[PDB]
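Chemist: Quick one: this structure, given as C-alpha cells, is what I'll be asking you about.
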2 protein chains.
Amino acid sequence: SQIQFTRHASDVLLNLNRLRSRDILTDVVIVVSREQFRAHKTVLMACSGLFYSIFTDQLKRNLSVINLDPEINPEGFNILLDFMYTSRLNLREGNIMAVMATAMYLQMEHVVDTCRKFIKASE
Amino acid sequence: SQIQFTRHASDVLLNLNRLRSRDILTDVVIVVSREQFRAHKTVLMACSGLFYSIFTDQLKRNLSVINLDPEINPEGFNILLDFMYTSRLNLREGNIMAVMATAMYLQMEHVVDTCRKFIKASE
Ligand SMILES: Cn1cc(C#CCn2cnc3c(c(-c4ccc(O)c(C#N)c4)cn3CC(=O)Nc3ccncc3Cl)c2=O)cn1
Ligand SMILES: Cn1cc(C#CCn2cnc3c(c(-c4ccc(O)c(C#N)c4)cn3CC(=O)Nc3ccncc3Cl)c2=O)cn1
Ligand SMILES: [Ca+2]
Ligand SMILES: [Ca+2]
C-alpha cells in the first residue's frame, strides 16, 4: 500500500539531463567518429547493456573516455543518448536503420523492438 | 512526432537503485544521527532542492559526506531516499509527520503535497 508517484522517474530523468547539459558531475566522454559526448556513467549503465558491461567491470569503471566503433553513425548515437536522458525517441524512415544499428550495438532492447514495430508498420 | 517510452524513466531509475544497492559509482555518504546512507549526488540533486542547492555550488560539489541535522528522523530520511530511487512512498499515520518534516527539509514538493493530501484524507 505504498503510494506510487507515476511522474517521479521522469522528473528525475529530466533533471539528470539538465545536469548533463550543464556538465554537472559528468564523468565520461563518449567518442563517436569526430564527435565527443559527455555523460554520466550511471545513466549510461542504466540504459545500455554495452555500457553496463563496460563500467561494471572493476577494471574499466574508472575510464573517462570510451571510443565507439568507427562504423557507428554519430547521429544514431546522439539520438540514442538523447533518448537515454529524455525517454523520447526521434525515429523516422531517414534514420531508422542507423538508430536500430546503434541500439543493437548499445544493447537497448526496447528501442530495437520499437524499430521492429516501425519497420513492420511501414510499407 | 517523437515516440515517448512511458516506462523508460522508471527502468532507468530502478537500475540506478541497483547501482546504489551495489555501491557502484556512489559518491557521497549522507549522515543522519547514527545512520550512514550512500548515494549518487546526481540522483540526490535530481530529487531534492536541498541537495541540489548544496552540490550545484562549485565549492560544495566535491564533498563526500553531508551531515543532516540531528533533529531529522533517520527513518523519515530512509523513506525519502528509497522514494528518490523507486518512486514509491511508504506513508502511514505512524510516519507521516516524520516523512513530511523530512520532505520539507529536503525540499521535495510532490511528497509534501501528498502528505497534505494524506492529512486531508484522514479523520
Ligand atoms: C543485439 N541487441 C541486444 C539488445 C539488448 C538488450 C537488453 N538490455 C541489456 N542491458 C540493459 C538494457 C537497458 C535499458 C534500460 C532502459 C531502456 O529504455 C532501454 C531501451 N531501449 C534499455 C539497460 N541495461 C543495462 C542494465 O540492465 N543495467 C543494470 C543491470 C543491473 N544492475 C544495474 C544496472 Cl545499471 C537492455 O535493454 C538489443 N539488441
Ligand atoms: C519547504 N518545502 C520546500 C519544498 C520544495 C520544493 C521544490 N523542489 C525544489 N528542487 C527540487 C525538487 C525536486 C523533486 C524531483 C522529483 C520529485 O519526485 C520530488 C518530490 N517530492 C522533488 C528536485 N529538485 C531539485 C532540482 O530541481 N534539481 C535540478 C534543477 C535544475 N537543474 C538540474 C537539477 Cl538536478 C522540488 O520539489 C517542499 N517543502
Ligand atoms: Ca572497433
Ligand atoms: Ca544543524
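Every chain in the C-alpha cells takes a letter, A first, then B, and so on in the order presented; its residues are numbered from 1, and the ligands are numbered from 1 following the presented order.
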When DSSP is applied to the backbone of this structure, which of region 27-99 of chain B are assigned strand (DSSP E or B)? Write them out as a PyMOL selection string.

Modeler: chain B and resi 28-32+35-39+65-67+88-89

Chemist: Tell me as a PyMOL selection string which residues belonging to chain B come within 7 Å of chain A, counting only C-alpha atoms.

Modeler: chain B and resi 2-5+8-10+12-13+15-16+25+42+46-47+87-91

Chemist: Please find the residues contacting ligand 4 at a distance of at most 8 Å between atoms, with only C-alpha atoms and all ligand atoms counted, and report them as a PyMOL selection string.

Modeler: chain B and resi 68-71

Chemist: Let's have chain B fitted on chain A; use all the C-alpha atoms paired in order for the least-squares step and return it as a compact mmCIF listing (two decimals) with N, CA and C atoms, in the first residue's frame.

Modeler:
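What follows is the written file result36.txt:
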```txt
# COMPACT_ATOMS: atom_id res chain seq x y z
N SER B 1 0.84 -1.19 0.00
CA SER B 1 0.00 0.00 0.00
C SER B 1 0.88 1.25 0.00
N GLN B 2 2.01 1.17 -0.70
CA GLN B 2 2.80 2.36 -0.92
C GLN B 2 2.14 3.22 -1.99
N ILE B 3 2.49 4.49 -1.98
CA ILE B 3 1.96 5.47 -2.92
C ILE B 3 2.96 5.57 -4.05
N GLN B 4 2.53 5.26 -5.28
CA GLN B 4 3.44 5.33 -6.42
C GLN B 4 3.31 6.68 -7.12
N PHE B 5 4.43 7.34 -7.34
CA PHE B 5 4.46 8.66 -7.97
C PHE B 5 4.79 8.44 -9.44
N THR B 6 3.76 8.40 -10.28
CA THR B 6 3.97 8.00 -11.67
C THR B 6 4.92 8.93 -12.40
N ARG B 7 5.02 10.20 -11.99
CA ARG B 7 5.84 11.14 -12.73
C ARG B 7 7.22 11.34 -12.11
N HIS B 8 7.50 10.67 -10.99
CA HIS B 8 8.76 10.91 -10.29
C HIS B 8 9.96 10.54 -11.14
N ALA B 9 9.91 9.38 -11.80
CA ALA B 9 11.09 8.93 -12.51
C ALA B 9 11.40 9.85 -13.68
N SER B 10 10.36 10.29 -14.38
CA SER B 10 10.53 11.28 -15.44
C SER B 10 11.09 12.59 -14.91
N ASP B 11 10.60 13.04 -13.76
CA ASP B 11 11.13 14.25 -13.16
C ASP B 11 12.62 14.10 -12.86
N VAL B 12 13.01 12.97 -12.26
CA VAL B 12 14.43 12.69 -12.02
C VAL B 12 15.19 12.73 -13.34
N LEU B 13 14.68 12.03 -14.34
CA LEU B 13 15.46 11.87 -15.56
C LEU B 13 15.66 13.22 -16.24
N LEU B 14 14.62 14.05 -16.25
CA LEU B 14 14.74 15.38 -16.85
C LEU B 14 15.79 16.19 -16.10
N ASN B 15 15.85 16.04 -14.78
CA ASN B 15 16.84 16.79 -14.01
C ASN B 15 18.23 16.27 -14.27
N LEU B 16 18.37 14.96 -14.47
CA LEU B 16 19.68 14.41 -14.84
C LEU B 16 20.11 14.94 -16.21
N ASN B 17 19.18 15.08 -17.15
CA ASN B 17 19.51 15.69 -18.43
C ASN B 17 19.94 17.14 -18.26
N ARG B 18 19.33 17.87 -17.33
CA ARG B 18 19.77 19.23 -17.11
C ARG B 18 21.19 19.25 -16.57
N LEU B 19 21.49 18.33 -15.64
CA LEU B 19 22.85 18.21 -15.17
C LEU B 19 23.79 17.91 -16.32
N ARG B 20 23.39 17.02 -17.22
CA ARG B 20 24.27 16.73 -18.34
C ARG B 20 24.50 17.98 -19.18
N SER B 21 23.43 18.73 -19.46
CA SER B 21 23.50 19.95 -20.27
C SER B 21 24.34 21.04 -19.63
N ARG B 22 24.57 20.95 -18.33
CA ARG B 22 25.46 21.87 -17.63
C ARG B 22 26.77 21.22 -17.22
N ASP B 23 27.03 20.00 -17.67
CA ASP B 23 28.29 19.35 -17.37
C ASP B 23 28.50 19.22 -15.87
N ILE B 24 27.42 19.00 -15.13
CA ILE B 24 27.50 18.86 -13.68
C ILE B 24 27.59 17.37 -13.37
N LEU B 25 28.73 16.96 -12.81
CA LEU B 25 29.00 15.62 -12.28
C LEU B 25 29.11 14.61 -13.40
N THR B 26 29.19 15.08 -14.63
CA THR B 26 29.53 14.19 -15.75
C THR B 26 30.91 13.61 -15.51
N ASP B 27 31.08 12.35 -15.93
CA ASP B 27 32.31 11.67 -15.59
C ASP B 27 32.86 10.84 -16.74
N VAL B 28 32.30 10.95 -17.95
CA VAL B 28 32.82 10.22 -19.09
C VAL B 28 32.54 10.99 -20.38
N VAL B 29 33.41 10.80 -21.37
CA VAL B 29 33.21 11.30 -22.72
C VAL B 29 33.11 10.09 -23.63
N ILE B 30 32.09 10.07 -24.49
CA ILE B 30 31.92 9.00 -25.48
C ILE B 30 32.34 9.58 -26.82
N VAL B 31 33.25 8.90 -27.50
CA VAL B 31 33.85 9.41 -28.74
C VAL B 31 33.27 8.56 -29.85
N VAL B 32 32.59 9.20 -30.80
CA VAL B 32 31.98 8.51 -31.93
C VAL B 32 32.41 9.28 -33.16
N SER B 33 33.35 8.73 -33.93
CA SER B 33 33.96 9.41 -35.09
C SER B 33 34.56 10.72 -34.60
N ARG B 34 34.19 11.87 -35.14
CA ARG B 34 34.74 13.15 -34.70
C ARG B 34 33.91 13.82 -33.61
N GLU B 35 32.93 13.13 -33.05
CA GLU B 35 32.04 13.71 -32.06
C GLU B 35 32.45 13.26 -30.68
N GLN B 36 32.35 14.16 -29.71
CA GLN B 36 32.54 13.83 -28.30
C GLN B 36 31.23 14.17 -27.60
N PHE B 37 30.74 13.26 -26.76
CA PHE B 37 29.53 13.45 -25.97
C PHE B 37 29.85 13.18 -24.51
N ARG B 38 29.62 14.15 -23.64
CA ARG B 38 29.78 13.94 -22.21
C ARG B 38 28.51 13.35 -21.61
N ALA B 39 28.70 12.53 -20.56
CA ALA B 39 27.56 11.89 -19.95
C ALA B 39 27.92 11.42 -18.55
N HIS B 40 26.93 10.86 -17.89
CA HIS B 40 27.09 10.25 -16.59
C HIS B 40 27.15 8.74 -16.77
N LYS B 41 28.24 8.14 -16.28
CA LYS B 41 28.34 6.68 -16.35
C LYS B 41 27.13 5.99 -15.73
N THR B 42 26.62 6.48 -14.60
CA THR B 42 25.45 5.82 -14.02
C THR B 42 24.31 5.75 -15.01
N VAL B 43 24.01 6.85 -15.70
CA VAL B 43 22.91 6.84 -16.67
C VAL B 43 23.23 5.90 -17.82
N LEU B 44 24.45 5.95 -18.34
CA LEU B 44 24.80 5.04 -19.43
C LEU B 44 24.61 3.59 -19.03
N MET B 45 25.12 3.23 -17.85
CA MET B 45 24.95 1.87 -17.32
C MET B 45 23.48 1.48 -17.16
N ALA B 46 22.63 2.45 -16.77
CA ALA B 46 21.22 2.20 -16.55
C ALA B 46 20.45 2.05 -17.83
N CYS B 47 21.04 2.41 -18.97
CA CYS B 47 20.28 2.45 -20.20
C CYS B 47 20.80 1.52 -21.26
N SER B 48 21.95 0.89 -21.05
CA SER B 48 22.67 0.21 -22.12
C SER B 48 23.35 -1.02 -21.59
N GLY B 49 23.10 -2.16 -22.24
CA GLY B 49 23.82 -3.35 -21.90
C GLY B 49 25.30 -3.22 -22.18
N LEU B 50 25.65 -2.52 -23.26
CA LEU B 50 27.06 -2.38 -23.60
C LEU B 50 27.77 -1.56 -22.54
N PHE B 51 27.22 -0.38 -22.22
CA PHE B 51 27.86 0.46 -21.22
C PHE B 51 27.82 -0.19 -19.84
N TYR B 52 26.74 -0.89 -19.51
CA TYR B 52 26.73 -1.60 -18.24
C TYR B 52 27.89 -2.58 -18.18
N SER B 53 28.04 -3.36 -19.25
CA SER B 53 29.08 -4.38 -19.26
C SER B 53 30.47 -3.76 -19.16
N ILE B 54 30.66 -2.58 -19.77
CA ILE B 54 31.96 -1.91 -19.70
C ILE B 54 32.23 -1.46 -18.27
N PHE B 55 31.36 -0.62 -17.72
CA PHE B 55 31.68 0.01 -16.45
C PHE B 55 31.40 -0.84 -15.22
N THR B 56 30.66 -1.94 -15.31
CA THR B 56 30.54 -2.78 -14.11
C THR B 56 31.84 -3.52 -13.84
N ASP B 57 32.67 -3.65 -14.87
CA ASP B 57 33.97 -4.28 -14.72
C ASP B 57 34.85 -3.39 -13.85
N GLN B 58 35.29 -3.92 -12.71
CA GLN B 58 36.08 -3.14 -11.76
C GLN B 58 37.27 -2.47 -12.42
N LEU B 59 37.78 -3.05 -13.51
CA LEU B 59 38.97 -2.54 -14.17
C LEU B 59 38.65 -1.37 -15.08
N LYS B 60 37.51 -1.41 -15.77
CA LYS B 60 37.13 -0.41 -16.75
C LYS B 60 36.23 0.67 -16.17
N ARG B 61 35.84 0.55 -14.91
CA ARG B 61 34.91 1.51 -14.33
C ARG B 61 35.51 2.91 -14.26
N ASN B 62 36.82 3.02 -14.07
CA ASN B 62 37.46 4.32 -13.89
C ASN B 62 37.80 5.02 -15.20
N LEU B 63 37.44 4.44 -16.34
CA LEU B 63 37.75 5.07 -17.61
C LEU B 63 36.97 6.37 -17.76
N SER B 64 37.63 7.39 -18.31
CA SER B 64 36.97 8.66 -18.55
C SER B 64 36.64 8.89 -20.02
N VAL B 65 37.09 8.02 -20.92
CA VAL B 65 36.82 8.13 -22.35
C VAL B 65 36.54 6.74 -22.89
N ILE B 66 35.44 6.61 -23.63
CA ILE B 66 35.12 5.39 -24.35
C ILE B 66 35.00 5.74 -25.82
N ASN B 67 35.70 4.98 -26.66
CA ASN B 67 35.65 5.11 -28.11
C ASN B 67 34.72 4.06 -28.68
N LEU B 68 33.71 4.50 -29.41
CA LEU B 68 32.81 3.60 -30.12
C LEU B 68 33.34 3.33 -31.51
N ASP B 69 32.82 2.27 -32.10
CA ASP B 69 33.40 1.77 -33.32
C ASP B 69 33.23 2.82 -34.42
N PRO B 70 34.20 2.92 -35.32
CA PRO B 70 34.10 3.88 -36.43
C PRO B 70 32.89 3.71 -37.32
N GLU B 71 32.31 2.51 -37.40
CA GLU B 71 31.13 2.31 -38.23
C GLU B 71 29.84 2.74 -37.55
N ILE B 72 29.87 3.16 -36.27
CA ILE B 72 28.68 3.68 -35.61
C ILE B 72 28.35 5.07 -36.15
N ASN B 73 27.09 5.27 -36.51
CA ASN B 73 26.61 6.52 -37.06
C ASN B 73 26.53 7.52 -35.92
N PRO B 74 27.28 8.63 -35.95
CA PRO B 74 27.21 9.58 -34.83
C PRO B 74 25.83 10.15 -34.59
N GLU B 75 25.03 10.38 -35.65
CA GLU B 75 23.66 10.82 -35.42
C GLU B 75 22.85 9.73 -34.71
N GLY B 76 22.99 8.47 -35.12
CA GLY B 76 22.34 7.40 -34.37
C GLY B 76 22.70 7.45 -32.90
N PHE B 77 23.97 7.64 -32.59
CA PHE B 77 24.33 7.67 -31.18
C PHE B 77 23.72 8.86 -30.47
N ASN B 78 23.77 10.03 -31.10
CA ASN B 78 23.22 11.23 -30.47
C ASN B 78 21.74 11.05 -30.19
N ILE B 79 21.04 10.39 -31.10
CA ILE B 79 19.61 10.16 -30.93
C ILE B 79 19.37 9.24 -29.75
N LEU B 80 20.19 8.20 -29.63
CA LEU B 80 20.02 7.30 -28.51
C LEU B 80 20.44 7.93 -27.18
N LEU B 81 21.51 8.73 -27.17
CA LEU B 81 21.89 9.41 -25.93
C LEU B 81 20.79 10.34 -25.46
N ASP B 82 20.19 11.09 -26.40
CA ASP B 82 19.05 11.93 -26.05
C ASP B 82 17.90 11.10 -25.51
N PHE B 83 17.63 9.97 -26.14
CA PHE B 83 16.61 9.07 -25.61
C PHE B 83 16.94 8.62 -24.19
N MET B 84 18.20 8.24 -23.95
CA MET B 84 18.55 7.81 -22.63
C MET B 84 18.11 8.83 -21.57
N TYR B 85 18.30 10.11 -21.86
CA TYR B 85 18.09 11.16 -20.90
C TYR B 85 16.71 11.81 -20.99
N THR B 86 15.86 11.39 -21.92
CA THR B 86 14.56 12.03 -22.05
C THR B 86 13.39 11.09 -22.22
N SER B 87 13.59 9.84 -22.60
CA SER B 87 12.56 8.85 -22.88
C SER B 87 11.93 9.06 -24.25
N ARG B 88 12.36 10.06 -25.02
CA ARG B 88 11.77 10.38 -26.31
C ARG B 88 12.72 9.95 -27.42
N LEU B 89 12.18 9.23 -28.39
CA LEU B 89 12.97 8.64 -29.46
C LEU B 89 12.54 9.27 -30.77
N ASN B 90 13.48 9.94 -31.44
CA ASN B 90 13.21 10.60 -32.71
C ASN B 90 13.50 9.61 -33.82
N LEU B 91 12.45 8.96 -34.32
CA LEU B 91 12.55 7.81 -35.22
C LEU B 91 11.84 8.14 -36.51
N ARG B 92 12.56 8.05 -37.63
CA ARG B 92 11.99 8.39 -38.93
C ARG B 92 12.60 7.49 -40.00
N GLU B 93 11.92 7.40 -41.15
CA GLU B 93 12.43 6.49 -42.17
C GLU B 93 13.88 6.83 -42.51
N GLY B 94 14.22 8.12 -42.50
CA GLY B 94 15.57 8.56 -42.80
C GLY B 94 16.62 8.10 -41.81
N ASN B 95 16.24 7.78 -40.57
CA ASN B 95 17.23 7.39 -39.59
C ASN B 95 16.97 6.05 -38.93
N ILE B 96 15.91 5.32 -39.30
CA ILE B 96 15.56 4.14 -38.51
C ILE B 96 16.70 3.13 -38.53
N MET B 97 17.30 2.93 -39.69
CA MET B 97 18.31 1.88 -39.74
C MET B 97 19.52 2.27 -38.91
N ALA B 98 19.93 3.54 -38.96
CA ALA B 98 21.01 3.99 -38.07
C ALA B 98 20.63 3.85 -36.60
N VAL B 99 19.42 4.25 -36.24
CA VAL B 99 19.02 4.14 -34.85
C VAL B 99 19.01 2.68 -34.43
N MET B 100 18.48 1.83 -35.29
CA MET B 100 18.38 0.42 -34.91
C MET B 100 19.76 -0.23 -34.82
N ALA B 101 20.66 0.06 -35.76
CA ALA B 101 22.01 -0.50 -35.66
C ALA B 101 22.68 -0.04 -34.37
N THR B 102 22.48 1.22 -34.02
CA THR B 102 23.14 1.75 -32.83
C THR B 102 22.53 1.16 -31.58
N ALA B 103 21.20 1.00 -31.57
CA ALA B 103 20.55 0.43 -30.41
C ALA B 103 20.93 -1.03 -30.25
N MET B 104 21.15 -1.77 -31.34
CA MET B 104 21.61 -3.14 -31.16
C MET B 104 23.01 -3.16 -30.56
N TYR B 105 23.87 -2.28 -31.05
CA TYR B 105 25.25 -2.20 -30.58
C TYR B 105 25.29 -1.82 -29.13
N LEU B 106 24.46 -0.87 -28.75
CA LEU B 106 24.40 -0.44 -27.35
C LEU B 106 23.63 -1.41 -26.46
N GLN B 107 22.91 -2.37 -27.04
CA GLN B 107 22.12 -3.36 -26.31
C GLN B 107 20.99 -2.68 -25.56
N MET B 108 20.08 -2.12 -26.36
CA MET B 108 18.90 -1.37 -25.87
C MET B 108 17.67 -2.04 -26.50
N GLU B 109 17.09 -3.00 -25.78
CA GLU B 109 16.05 -3.85 -26.36
C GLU B 109 14.78 -3.06 -26.68
N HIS B 110 14.33 -2.18 -25.78
CA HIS B 110 13.05 -1.52 -26.03
C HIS B 110 13.11 -0.75 -27.34
N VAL B 111 14.22 -0.06 -27.59
CA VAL B 111 14.37 0.71 -28.82
C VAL B 111 14.45 -0.23 -30.01
N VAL B 112 15.21 -1.32 -29.89
CA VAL B 112 15.29 -2.24 -31.01
C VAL B 112 13.91 -2.79 -31.34
N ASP B 113 13.16 -3.18 -30.32
CA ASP B 113 11.80 -3.68 -30.52
C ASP B 113 10.91 -2.63 -31.19
N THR B 114 11.04 -1.38 -30.78
CA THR B 114 10.27 -0.29 -31.39
C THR B 114 10.68 -0.08 -32.84
N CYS B 115 11.97 -0.19 -33.15
CA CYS B 115 12.39 -0.14 -34.55
C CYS B 115 11.76 -1.26 -35.35
N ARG B 116 11.68 -2.47 -34.76
CA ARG B 116 10.99 -3.57 -35.43
C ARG B 116 9.54 -3.21 -35.70
N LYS B 117 8.85 -2.66 -34.71
CA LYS B 117 7.47 -2.24 -34.93
C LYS B 117 7.36 -1.18 -36.02
N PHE B 118 8.29 -0.22 -36.03
CA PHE B 118 8.32 0.80 -37.09
C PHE B 118 8.43 0.16 -38.46
N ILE B 119 9.39 -0.76 -38.60
CA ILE B 119 9.57 -1.49 -39.85
C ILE B 119 8.28 -2.21 -40.21
N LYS B 120 7.71 -2.94 -39.25
CA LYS B 120 6.51 -3.72 -39.53
C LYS B 120 5.33 -2.83 -39.90
N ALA B 121 5.34 -1.57 -39.47
CA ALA B 121 4.24 -0.65 -39.72
C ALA B 121 4.48 0.23 -40.95
N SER B 122 5.61 0.07 -41.63
CA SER B 122 5.90 0.80 -42.86
C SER B 122 5.70 -0.12 -44.06
N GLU B 123 5.42 0.48 -45.21
CA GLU B 123 5.20 -0.31 -46.42
C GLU B 123 6.55 -0.65 -47.07
```

Chemist: As a ChimeraX atom specification, which residues of chain B does DSSP assign to helix (DSSP H, G or I)?

Modeler: /B:8-21,41-47,49-56,74-86,96-106,109-120
